[PDB]
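Quick heads-up: the structure tokens below are two forms of one chain, split into structure 1 and structure 2.
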Structure 1
């Protein structure tokens, strides 16, 4: 039968961050329903989940399997620069978007004429140029559309009480040009007691592959914005729509659920950075990260 580490206890929906994730996995295995999907693989699925990860002197990079930190960091810097060229990320040894920008994938979507790598008007473009007319991944979009990311930063500084501190990549007008509509549809920031928190609405979560990387990604973004606004990191709240385990991840996750978590690492920012675009890979240091080995989770395409 399904056997799990004794520390999970009740999986039913802060402290002990990693257990929040492992309990969601357990809950989907135990209570999820079979749901067919776009890729033809099949999933077990639950609709509507929420987990809270404290960011207060800890950073939620999972320890029950090693997570691809280099990729998390490169990807987020790539978003920040407004990039939608998967080849530019791949040149940093981070190949996570290559499959979606491939000649054969793009062709399957009917995007014959665009260049390989061109993901269309996805996060980088929507976060920094929302509403601008997308042309291609090489076009200069300087001063075009809404720079949501800077606006969030400016609002946190001037009116931290504001309940409208949102960055949204879901753009119905642009959806048909995207190689993958965004899994992270929107995030909201919140300030109380000198702490910055972030909530992600993730419409679709591949619990074995993307979700651990995604948690680390928004935790990092929150650390970055906290740094620039002179706040301390608070909580990362992870909300999921279709939370799913692909059938070929069931056995790998069952290995993972039996591993003892270790304490989370810390993230250090190594200098005073004044603006979000000035961050560089050399500015960050993960300390004390002691994960169990990688478990291969294949990507369904």
Structure 2
């Protein structure tokens, strides 16, 4: 069976078994607590096909995390605006960060992945080698002790949370090796099934590919674990239409040269091949 069926099955489960739950945004959701799906990474890449995923956003965001950037502008300049509202003058001021430059998200993913526990100053500070470089640690451990059961990168940092523009959804991930295959499990505390989760599966599948490449291993599985898995009330009808679509076989991800360290990957090193997502169809709602 096609891996995307697992996603569709989760969407169906929430539509059928989920409870209505109010949320932070005021939008409302149908929600289930606790879900898990497994996406093979073997000779295919799980970029969902029943609705186009913003792959450009996935890849530039991840390269921004890796370089340790906490500057929304450094992502925005690549045409990816996902962090912009959280770095805006008015949003930063709303949190009491009037001293910050526009774009300064505080100690979010890039900073935690590369400098966990360092004292955050501003997004322009030199953190060269302060704090824990979890990303490099994970990579070193996979190479030296691939049986290790502690190969973890954690972005959830309770001491730092109040300085972040928003709290991390991807609380931690763990890697694992057996049979020359590298697998990753993501603990995602909160998943927008219609709009966030497909991008999220692609982000951590890519990270797996990148690390497998550096460490000389084959991608195995990406296990996706959710806390509050929810469908926003506004996405219920679109996802009903989507659930009726037959997934197309997943694309392949190609890495276009031999890359030796995680810091050396660049956007042009990657190719998604054979990505055939369903075209959108117009749907009307009326009262």
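Shifts are known only where both forms have a C-alpha. Positions refer to the first chain, counted from 1. Rigid core (definition): largest C-alpha set, two forms, superposition within 1.5 Å.
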Legend entry - Mobile residue between the two structures, C-alpha criterion 2 Å or more, rigid core, from 107, 154, 133, 161: 107
Legend entry - Residue shift check between the two structures, rigid core fit, residue 293 Cα at least 2 Å: yes
Legend entry - Following rigid core superposition, Cα shift of residue 94 between the two structures in Å: 0.5
Inset, instruction - Report the moving segments between the two structures: consecutive residues, 3 or more per run, each with a CA shift of 2 Å or more after superposition on the core, given in sequence order. - result: 102-113, 293-301
